[PDB]
Each structure stands twice: as C-alpha cells, then as structure tokens.
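Here Cβ is always computed from backbone atoms with ideal geometry, including for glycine, and neighbour counts include all displayed protein chains. What is reported rests on the model, the rules as stated and the sources as named; no laboratory instrument gave them.
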Amino acid sequence: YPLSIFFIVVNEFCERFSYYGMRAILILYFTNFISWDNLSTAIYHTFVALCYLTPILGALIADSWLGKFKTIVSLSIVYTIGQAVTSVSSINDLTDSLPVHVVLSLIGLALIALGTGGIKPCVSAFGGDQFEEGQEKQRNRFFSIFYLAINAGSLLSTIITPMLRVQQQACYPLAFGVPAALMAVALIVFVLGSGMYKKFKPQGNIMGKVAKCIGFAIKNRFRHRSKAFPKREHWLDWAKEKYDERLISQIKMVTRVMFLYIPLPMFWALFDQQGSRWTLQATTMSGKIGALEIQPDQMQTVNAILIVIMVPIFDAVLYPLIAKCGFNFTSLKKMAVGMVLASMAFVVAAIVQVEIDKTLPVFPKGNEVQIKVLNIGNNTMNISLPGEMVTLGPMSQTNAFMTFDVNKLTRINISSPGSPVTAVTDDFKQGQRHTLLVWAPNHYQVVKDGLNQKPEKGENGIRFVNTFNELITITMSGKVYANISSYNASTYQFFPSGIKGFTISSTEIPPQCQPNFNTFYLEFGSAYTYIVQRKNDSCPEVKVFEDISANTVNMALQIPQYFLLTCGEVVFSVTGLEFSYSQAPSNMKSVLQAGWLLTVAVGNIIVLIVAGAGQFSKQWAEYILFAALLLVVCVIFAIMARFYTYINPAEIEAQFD
C-alpha cells in the first residue's frame, strides 16, 4: 500500500504549494482589471461563487461519469493549462491586440476556477479507497498525514512567496511559471504510479437515478393525502413502490449522514472571525521578546507552525494513551471536544484583552475634545483653562491630554509673569487631539494632531516642530519632511521599530554645522515630538518629548489561545473528514466529501454576509462571540448526534442486497 500512497502525498503537497503561492500573484495581476473596470465588485462576488461551487461540479463528474482517476487527471491537466495560459498572456499585457490577450488571461482565470475545486473531494476519496480488509488504523494514519501535508504546503507557500516579488515589477514570468512547472511535475509523478493504484468505475449515471427516485418518492408521498399519509419512514413508504431497495438504502445512508452537517457552517463562520481580530490585538500587543524582533503581523504564521507539529503528535501518542485507559473515544466525541476547545480559545483571548486594556490611553469620543499644552519659550508661562490653571516652565509639557467638551471649551487665556494676557481665537474640532504651543505672552499656535488611535501595525510616529526663523526640511530613513514654517508642526509619519537617523537642512543653518542626528530605540506603538532649536553658533539642536507611551505587554502571551485554537481545528477537521469518508456508501464516496467542503463554503458565505463588526466593546465582543454562539452550536450538534448516526457500517450493510 505505501507505494500507492506516497505518490498521492507528494502530488497533494506540490499542488497545494502551487495554489497557495499562486493566489497572491493572481490577485495582484487581476487588480489591473479591478481598478481598470464599482462594476468590478459585482464580477468578483459572482466569480467567488464559481470557486465555491466547483467542488460539487467536480465530485458529480467524478463519481458518475468518468470515475475518480480520470477526473483527477483531466482536472489537473486543465488546471495546469490555465496556469500556462495565464503565464503566457500576462507577458503581452505588460509588454504591449491587448484586449484579446486580456480575454485569454481571463479565460485562464476561469479555467483555474474549475481546477482549484475539482481536485479536493476526488483525491481524498481516491486516497481513502486504497485500504481494505479492516485496515482502519492505516486509513486514519493516511488521513492524518494528508491533512498534515496540506498545511505543510501552505506553510512553504507562505514562507517562499515574499521572495518572489520584484526579484527579477516585471517578475511575472517566473511568478506564473514556477507554479505551472511544479504542478506539471506533480501530475507526472502521480501518473507514473498508475500500476499500483486501485480504481473503480460507476455502474451508470447514479445521480440521475437518485434524482428520479427522489422525485417519484416525494410525488407518491404527496399522493394518498387521506390514506396512511403520515410517514413510517420518509422515503421507505413511497420510494419502495418502484425502485430497487439497494438504491433506497444508499440514499437513506447519505441523507442520514448529511443531516448532521446542518449546524457546522455556523461554527465555521464563527471560528473564522479570529483572523481579522487577533492580528489587530497583536498590533496593540507589540511588546517584544528579548531574543528576536518579530513584527506584529507575523504572528499568524504561528498557526501553521503549531499545526504541522500538533497533527503528528496526537496520532502518535495521544490517541493510544486515551485508548489504554479505556475511554472508548469515538469520532463524535472527538468533534465535540474540538469545538469545546475552540470555544475556550476565545475566552483565553478575552482574558488577555481585558488584561491589555489597563495600559491603553483614552481617546476623545463624540463631542469630547482633548488638548495638550507644550511650552517652547525661554521663560515660564501661565495658562488659564476652563476650571483649571497650569504653569509650565521652559521646554516643558503637560503630562497627559486634558479632556473637555466642545460646548464647554469657550475660554482660554495665556499669560506670563508680568506679561499681558492673550485670549485664544482658534477653533477646536470634536473628537480630535489638539496640541497648543506657547513661547511668548502674545505668540501661540494651535496644531491638529490627527492621531486618534494606536499606530497601525505597531509602527512609531514622529513629527517635528520648527523654531527657526526660516524654513527647515528634514529627511529620515527614506522619508522627508519638507518646508516646515517657523513655529509650526508637520504631520506624523510612521516608521518601523529600531534606531533611525536623520539630517537637518535649511538655508539659515550655515553649511559647516553638523547635518546629521540619530534617534533612540523607538520600540513599538510609540509616538514622539521633536523640537529643533538654535544653538549659539546657529547649529541646530534636538530635543524629544513623548505623546503616546510605548506598549507594555509582551507579545508571547498570544501563544496559549493560538495553541488551543489549533488543537480544536485539528482534532475537529481530521476526524470530521475521516468520519465523512467512513460512513459514505460505496457508490457515492465523493459526493459526501463535496458536501463536507460545501460546509466550509457556506460558513465563508455567512462570514462574508455579516461583514463588518459593530460590537460596542472589545472585551464583550471576544466574550459573547464564543460564550453565546459556539457553545450553543456545540450543544445543538451533540443533541443531533445523540441519535446513533454512527450505527451504519456502510461497507457491509449492502451485502444483504
């Protein structure tokens, strides 16, 4: 048997790597039409439907018309041809009949749409078929190894993909060639193993027979409106009138198994919510391990890193250990446990989020308006605010922003010891942090900050304030602040972590002065304001003040929730697909796998429909999103599964004819 399984494993590995490393370049290239076209949105939304519908259109072809082997071969051939046509056409579109080549490229995309889906159920069913005579242990081993191989391909695509771009903007030839070459290699290596495989062909158009039988049965059931109309069994009482009992039993088994999958799409949609939330939580969790400098958005790879190790470990040790203590640990129990663990992952996440909430600042809401005062003069200033008065020495700042309401922010007065009083005439906008600058009794400035949230991706924001008489221009690590007027401040520009250097340029500064300066270690999530001041010899000098404190909590704290989520995903998915194959009848192994994939498709549709989030508070959002939905789904699924859906040994039940 191993000779018949190694080829399948390598083919799956290569195909998955190709698809994952191909999708990103696909979207990058199709962005040409997305922008060139809101007409493009309609096309995309109907196109994704083809990708979500191809699985059934492949399974139906495989089981009834051509068989699994022929379907795999043909679908792989067309998929490779699609990649090849996309690769060749993309060259003309970027070098140069342009609409013709664009149409050929779109036809290639459509062809790939078929291939991406046509292989998923058929290959799994073909792999499962190879085991016989009570080798269920080896079958489970194979299924676990197959699931591991899929994630290994995904991880390799994730790690390799970044190297590709702009390695040669016209690097598309390699981009669309390498996946095609790898898919061709996979197809050839799979085909060369034909001699050892085991294959079957259908007796006929089973799907058409099933459709006709179902129609006749439901019509007959709707007959006899006043003669034993209540069913003894929904189809045994009526379909039996004309059709063979074997087909009746097969459809009965398929319907019975499929009944269990009704709740699963909701679970999938709920589970998918973590992707766009935990990354942001990482953004606000930019604390760093002392050893290395992982970026906030790189945490997502931990899922694959954990799965590719968890999958072997369970089958290797855990299940034998659970069996030794005699727990009789069956499939339905495994799936329920997996979903429960998935639920617990989110409660751990909620605990971490509420722990984080301690050290974040508070930003204005609604009509609230916030102000920070910064004295940049040579002397002390006294400033009167609504219901408060503050004294600031030279080159000094208020520790934190003062919060007021737009209606109540009516009077502001500035004065210095023995100096005249100046009233503020500027206007403050609601929901915006404002910086107030004072350097003299009758000289001040109001600056809109713009920053009302933690910087995206944990980057550090920097801005400069000019105190020189003439304009100044600042360049720092590939970015430039140009033409800053006297006693004015520029907008924030975001930079990644690490130390950075910058140069100061201005006509007022004599050329012989020191041009360059360096900043301290910026860490993550922080924002700082720099003030440039004139020395005795006209040289510039730099001083720093803080605006938002650097982030505190270490980023390693996300590991527990990710570990729980990965365990729940594995122990659920592997057992789910194994059970799906196990209970399917002989004539329809592929259809039920296609139904399993449709289960994920429907969850994807549900998550897309719900779309943007609107929960009032993150702590409650992370909390309910399991405590009120996931456990309810789990209890519903357990109640449904309580009715002996596992009673059927599909392999031998049909022997009674």
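Report whether or not residue 272 is in the same structural domain as residue 562 (by TED's automatic domain parsing), assigned to a helix (DSSP H, G or I), acidic (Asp, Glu) and surrounded by 17 or more Cβ atoms within 10 Å (Cβ to Cβ). Break it down stepwise before answering.
On the way: in the same structural domain as residue 562 (by TED's automatic domain parsing): yes; assigned to a helix (DSSP H, G or I): yes; acidic (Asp, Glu): yes; surrounded by 17 or more Cβ atoms within 10 Å (Cβ to Cβ): no.
Spelling it out, it is not the case that residue 272 is in the same structural domain as residue 562 (by TED's automatic domain parsing), assigned to a helix (DSSP H, G or I), acidic (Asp, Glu) and surrounded by 17 or more Cβ atoms within 10 Å (Cβ to Cβ).
Give the residue that is nearest to residue 398 (Cα to Cα), with candidates limited to residues of region 523-544 that are surrounded by 20 or more Cβ atoms within 10 Å (Cβ to Cβ) and small (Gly, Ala, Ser). Checked region 523-544; the qualifying residue nearest to residue 398 (Cα to Cα) is 527.
On the stretch given as region 130-163, residues that are β-branched (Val, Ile, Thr) and closer than 17 Å to residue 2 by Cα total 1. Does residue 483 satisfy the criteria of being in the same structural domain as residue 402 (by TED's automatic domain parsing), surrounded by fewer than 18 Cβ atoms within 10 Å (Cβ to Cβ), within 30 Å of residue 289 (Cα to Cα) and polar (S, T, N, Q)? Judged against the criteria, residue 483 is not a match.
Applying the set (1) under 30 Å from residue 309 (Cα atoms); (2) crowded, with 23+ Cβ neighbours inside 10 Å; (3) basic (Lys, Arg) to residue 141 leaves exactly one unmet item: (2).
Restricting region 35-56 to residues that are touching a helix residue (DSSP H, G or I) at 6+ places or on another chain (Cβ under 7 Å) and polar (S, T, N, Q) leaves a set whose member that is nearest to residue 120 (Cα to Cα) is 54.
Tell me which residues, restricted to region 633-648, are of a type outside the set (D, E, K, R) and surrounded by fewer than 10 Cβ atoms within 10 Å (Cβ to Cβ). Correct list: 644, 647. Within region 460-494, the set of residues being in contact with a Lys or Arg (Cβ under 7 Å, 6 or more places away or on another chain), within 22 Å of residue 444 (Cα to Cα) and assigned to a strand (DSSP E or B) comprises just one member, 489. Residues in region 252-266 that are over 33 Å from the mean Cα position of the chain (by Cα) and more than 15 Å from residue 217 (Cβ to Cβ) were compared, and the one that is surrounded by the fewest Cβ atoms within 10 Å (Cβ to Cβ) is 256.
Go through region 115-139 residue by residue and tally those that are aromatic (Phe, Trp, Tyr) and in a helix (DSSP H, G or I).
Going through region 115-139, the residues aromatic (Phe, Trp, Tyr) turn out to be 126, 131.
Next, from what is left, pick out any that are in a helix (DSSP H, G or I): 126.
The qualifying residues number 1.
Scanning region 78-93 for residues being surrounded by fewer than 17 Cβ atoms within 10 Å (Cβ to Cβ) and in contact with a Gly (Cβ under 9 Å, 6 or more places away or on another chain) gives a total of 2. If only residues of region 417-474 that are surrounded by fewer than 18 Cβ atoms within 10 Å (Cβ to Cβ) and of a type in the set (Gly, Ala, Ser) are counted, the one that is farthest from the chain's Cα centre (by Cα) is 418. Can you confirm whether residue 574 is part of a helix (DSSP H, G or I), under 23 Å from residue 301 (Cα atoms) and either in the same structural domain as residue 455 (by TED's automatic domain parsing) or aliphatic (A, V, I, L, M) (or both)? Judged against the criteria, residue 574 is a match.
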